[PDB]
Amino acid sequence: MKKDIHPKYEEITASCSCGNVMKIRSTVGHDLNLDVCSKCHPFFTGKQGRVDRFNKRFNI
Amino acid sequence: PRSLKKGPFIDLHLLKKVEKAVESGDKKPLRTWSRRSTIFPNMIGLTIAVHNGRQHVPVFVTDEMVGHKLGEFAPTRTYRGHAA
Amino acid sequence: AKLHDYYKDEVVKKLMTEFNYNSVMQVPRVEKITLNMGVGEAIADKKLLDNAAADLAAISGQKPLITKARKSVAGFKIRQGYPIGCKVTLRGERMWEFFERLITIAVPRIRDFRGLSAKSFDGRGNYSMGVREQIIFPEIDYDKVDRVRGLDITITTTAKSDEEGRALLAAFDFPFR
Amino acid sequence: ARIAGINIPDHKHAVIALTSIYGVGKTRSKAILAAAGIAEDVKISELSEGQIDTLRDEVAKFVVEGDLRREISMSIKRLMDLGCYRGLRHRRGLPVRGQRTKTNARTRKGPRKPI
RNA sequence: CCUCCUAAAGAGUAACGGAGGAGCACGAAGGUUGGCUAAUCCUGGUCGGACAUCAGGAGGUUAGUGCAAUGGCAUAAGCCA
RNA sequence: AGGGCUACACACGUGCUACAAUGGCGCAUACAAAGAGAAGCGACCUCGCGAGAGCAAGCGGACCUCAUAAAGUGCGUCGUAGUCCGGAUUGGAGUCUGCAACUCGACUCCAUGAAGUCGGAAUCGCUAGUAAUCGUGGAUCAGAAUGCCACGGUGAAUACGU
Ligand SMILES: [Mg+2]
Ligand SMILES: [Mg+2]
Ligand SMILES: [Mg+2]
Ligand SMILES: [Mg+2]
Ligand SMILES: [Mg+2]
Ligand SMILES: [Mg+2]
Ligand SMILES: [Mg+2]
Ligand SMILES: [Mg+2]
Ligand SMILES: [Mg+2]
Ligand SMILES: [Mg+2]
Ligand SMILES: [Mg+2]
Ligand SMILES: [Mg+2]
Ligand SMILES: [Mg+2]
Ligand SMILES: [Mg+2]
Ligand SMILES: [Mg+2]
Ligand SMILES: [Mg+2]
Ligand SMILES: [Mg+2]
Ligand SMILES: [Zn+2]
């Protein structure tokens with residue numbers, strides 16, 4: 001990389017709600033608080049009609 | 001909508017026709033004027049010709065139609081646009 | 001470098017077993033990642049081209065290269081040489097670190113994320129995807145956003161086919177629906 | 001701040017701020033906060049990270065945001081695909097609930113279109 | 001005044017013969033050193049569409065040349081510093 | 001019997017509801033008049049978030065019921081934003097009347113949250129308990145008012161003059 005031209009780019013900590021904590025280089029400066037991550041998002045884990053209804057509402 | 005405690009309304013003559021038609025193989029359409037009847041699960045696969053005021057519109061009953069009223073599938077007004 | 005060690009230690013073994021490669025040099029590599037913004041709406045405002053180039057800098061950790069029009073195009077009101085985009089080429093350590101920030105942090109933040117298309121390979125093994133809002137990257141401050149910019153991300157790979165490219169990406173638990 | 005994939009206004013009372021989520025009105029806002037033990041006049045900024053996590057946990061009990069949007073789109077598509085009266089009304093951008101169309105109906109029809 | 005053809009494979013060669021251009025531009029668009037390679041289409045990709053920017057492929061100058069045409073031009077005379 | 005009178009590029013009349021802070025929301029709490037009721041009005045209690053439901057008194061009524069008036073006032077909050085303004089539209093789930101709510105009912109709940117930031121030319125009502133504003137009741141009626149008819153509450157401005 002060239003000198004003097006690029007964003008400041010240093011290690012920080014990304015702390016997610018699910019107890020996942022990852023140290024990562026970034027430009028954000030401060031530390032991150034993640035409401036979701038790759039280890040708790042439902043797509044990544046896998047946490048992702050008329051006859052039924054008619055017969056359940058009209059039990060004879 | 002009809003109160004749940006009353007259950008689903010269907011005309012008695014249509015209920016009889018549908019029972020007769022399910023009991024003996026799929027016949028020609030069921031000619032009916034009972035637009036107000038609820039589509040029951042035991043009509044799925046039957047063709048029902050629902051009066052719209054002038055004609056009997058064919059309605060092939062599928063599962064997605066269950067719980068709807070037959071007249072929902074036979075429009076009563078003709079409209080193709082103004083300034084046409 | 002977390003994902004580069006994961007590649008050297010687990011991905012190579014999985015792919016060697018699967019494709020029955022004779023040499024490890026045959027296993028596909030992630031060669032580069034290119035991030036591109038098309039800012040064609042900067043022919044009116046040049047100041048819109050810079051701010052987009054600010055986002056890219058924040059997202060990649062790397063000053064972007066302003067791209068310009070290869071030829072004049074009268075439909076889009078662009079003359080040859082007019083700056084209407086910006087891009088970064090990430091390689092090596094920076095590439096692996098952005099790849100980790102994208103897989104583990106940014107993609108979980110996509111609104112209504114239901115998976116990435118496994119269709120978006122170029123026929124030769126390389127994977128392009130679009131990002132509709134730059135906010136999914138926590139570097140981009142929400143209280144600081146000027147305009148809702150997007151971008152596109154290309155992952156250029158040494159794989160010979162799309163089968164090999166998607167095997168490589170899925171070895172990193174890339175979220176293919 | 002970030003709940004259900006969206007940013008909630010930080011300077012408003014929690015009740016008003018939660019209604020920024022697609023699928024949360026005033027009643028569901030009160031229900032969420034009373035199930036999380038949080039006063040309604042608490043501004044979102046005056047909230048611990050842990051309390052925001054409790055709020056997030058109580059919002060996940062309701063279908064909101066993109067799940068709600070695709071539910072609604074599925075219900076309307078089902079109507080349009082069936083060809084029932086309501087489906088045809090949705091197709092032609094006309095009132096679906098029996099309103100007069102001789103006059104008014106501008107919300108469905110949009111701005112006046114002169115002959 | 002310039003380019004092509006008429007012009008008969010050296011030069012030159014007429015007609016109120018057949019077609020086009022010039023009456024400038026550039027302190028870099030000149031010098032040199034170092035580098036670089038086109039058009040076009042296909043596939044993938046936020047907005048983005050026939051056509052912008054990005055990635056890969058095919059192609060191989062079908063590009064380019066400050067302005068006509070011809071002859072040149074990759075060791076580029078083309079493009080960047 | 002079923003459909004239509006409820007159509008819908010559009011134009012006009014009469015209204016309702018707004019565009020907010022002289023206001024919205026929450027809690028608390030004052031002060032009316034008029035009227036209706038037996039296949040009717042329906043208390044209390046119990047259940048339901050609610051519309052309602054179950055059970056069941058009283059009343060052909062200055063007795064019982066419909067049936068807390070609301071604006072107001074006190075406290076708190078919102079802080080001028082398309083908003084804690086507006087409440088159209090649509091999805092889902094229900095209730096009731098009624099043989100029957102698809103065309104085409106009213107109402108409830110959850111969600112949604114449009115136009116609209118005071119309206120061009122022009123034009124209407126009103127001289128006092130009036131205008132304005134706030135609620136209440138009745139006829140018609142199984143059900144179906146923002147209309148009609150009626151009732152009180154608060155309560156102005158201005159009229160030199162022809
Ligand atoms: Mg609501
Ligand atoms: Mg109506
Ligand atoms: Mg010669
Ligand atoms: Mg010769
Ligand atoms: Mg001679
Ligand atoms: Mg050279
Ligand atoms: Mg040169
Ligand atoms: Mg009749
Ligand atoms: Mg009429
Ligand atoms: Mg409101
Ligand atoms: Mg009386
Ligand atoms: Mg507007
Ligand atoms: Mg305002
Ligand atoms: Mg008078
Ligand atoms: Mg009134
Ligand atoms: Mg009455
Ligand atoms: Mg009535
Ligand atoms: Zn997590």
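Below, chain A is the first sequence line, B the second, and so on; all start at residue 1. Computed from heavy atoms alone, side chains included, the values below leave out hydrogens, waters and symmetry copies.
Annotation: F:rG72 and F:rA106 have their P atoms spaced 31 Å apart (nearest Å). Separating the P atom of E:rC4 from that of E:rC42 is a span of 39 Å, rounded to the nearest Å. When the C1' atom is used for both F:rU80 and F:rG24, the distance is 13 Å, rounded to whole Å. Of the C1' atoms belonging to F:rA39 and F:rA142, the separation is 11 Å, rounded to the nearest Å. Remark: the separation of the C1' atoms in E:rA25 and E:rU62 is 30 Å, to the nearest Å.
Contact between the side-chain N/O atoms of C:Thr154 and the OP1/OP2 oxygens of E:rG45 is not found at any separation under 4.0 Å. Between D:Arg86 and F:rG91, a side-chain N or O to OP1/OP2 separation shorter than 4.0 Å is present. Side-chain N/O atoms of C:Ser128 include none lying less than 4.0 angstrom from OP1 or OP2 on E:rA55. Of the side-chain N and O atoms in B:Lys5, none sit less than 4.0 angstrom from OP1 or OP2 of F:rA53. Side-chain N/O atoms of C:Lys32 include one lying less than 4.0 angstrom from OP1 or OP2 on E:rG56. When the side-chain nitrogen and oxygen atoms of C:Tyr127 are compared with OP1 and OP2 of E:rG56, none of them lie within a distance under 4.0 Å. Regarding contacts with the backbone of F:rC25, every side-chain N or O of D:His13 stays at 4.0 angstrom or more from both OP1 and OP2. One finds a side-chain N or O of A:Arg57 lying less than 4.0 angstrom from the OP1 or OP2 phosphate oxygen of F:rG94.
Within 4.0 Å (heavy atoms only), B:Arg2 reaches at least one base atom of the nucleic acid. Counting non-hydrogen atoms under 4.0 angstrom, B:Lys6 reaches a base of the nucleic acid. Backbone-only engagement by C:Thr34 is indicated by non-hydrogen atom pairs under 4.0 Å involving sugar-phosphate atoms exclusively.
Atom CD of C:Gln80 is separated from atom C1' of E:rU65 by 13 Å (rounded to the nearest Å). We find that CZ of D:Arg100 is positioned 16 Å from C1' of F:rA88, with the value rounded to whole Å. Distance C:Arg149 CZ to E:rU53 P: 19 Å, rounded to the nearest Å. One can place NZ of C:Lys68 at 11 Å from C1' of E:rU53, the figure rounded to the nearest angstrom.
The aromatic ring of C:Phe76 sits over the base of E:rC51, with ring centres less than 5.5 Å apart and planes inclined by under 30°. A stacking contact between B:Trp33 and F:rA1 is absent: the pair does not combine a ring-centre distance of less than 5.5 Å to the base's six-membered ring with planes differing by less than 30°. Using a 5.5 Å limit on the distance between ring centres and a 30° limit on the angle between planes, the aromatic ring of B:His82 counts as stacked on the six-membered base ring of F:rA9.
Heavy-atom distances to RNA chain F give each of B:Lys69 and D:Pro95 a nearest nucleotide, and the one nearer the 5′ end belongs to D:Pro95. Mapping D:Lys113 and B:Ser34 onto RNA chain F by nearest heavy atom places B:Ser34 closer to the 5' end of the strand.
A canonical Watson-Crick pair (purine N1 to pyrimidine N3 plus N6-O4 or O6-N4) or a G-U wobble (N1-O2 and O6-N3), each contact under 3.5 Å, is present between F:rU154 and F:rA132. Taken together, E:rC24 and E:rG66 qualify as a Watson-Crick or G-U wobble pair under the 3.5 Å criterion applied to both distances. Between F:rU65 and F:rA36, both key atom distances fall under 3.5 Å, giving a Watson-Crick or G-U wobble pair.
Annotation: cation-pi pair D:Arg69/D:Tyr22 present, NZ/CZ under 6.0 Å from the ring centroid and within 45° of its normal.
Between D:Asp53 and D:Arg56 there is a salt bridge, with a side-chain nitrogen of the basic residue lying less than 4.0 Å from a carboxylate oxygen of the acidic one.
Bases of consecutive nucleotides E:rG23 and E:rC24 are unstacked, their six-membered rings not being centred less than 5.5 Å apart at a plane angle below 30°.
In this entry E:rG18 carries a north-puckered sugar, per its positive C1'-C2'-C3'-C4' angle. The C1'-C2'-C3'-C4' dihedral of F:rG152 is positive. Its furanose therefore counts as north.
Using a 30° and 60° split on the angle between ring planes, C:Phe172 and C:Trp96 fall in the tilted class, from 30° to 60°. Classification of the C:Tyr7-C:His4 ring pair by plane angle, with boundaries at 30° and 60°, yields parallel.
A donor-acceptor contact under 3.5 angstrom links the side chains of C:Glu97 and A:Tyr9, judged on distance only. Counting only N and O atoms by type, the side chains of C:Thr104 and C:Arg101 include no donor and acceptor under 3.5 Å apart.
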Collect all protein-nucleotide pairs involving nucleotides 112-114 of chain F in which both atoms are nitrogen or oxygen and the distance is under 3.5 Å.
{"residue": "F:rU112", "atom": "OP1", "partner": "D:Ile21", "partner atom": "O", "Å": "3.3"}
{"residue": "F:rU112", "atom": "OP1", "partner": "D:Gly23", "partner atom": "N", "Å": "2.9"}
{"residue": "F:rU112", "atom": "OP1", "partner": "D:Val24", "partner atom": "N", "Å": "3.2"}
{"residue": "F:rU112", "atom": "OP1", "partner": "D:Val24", "partner atom": "O", "Å": "3.3"}

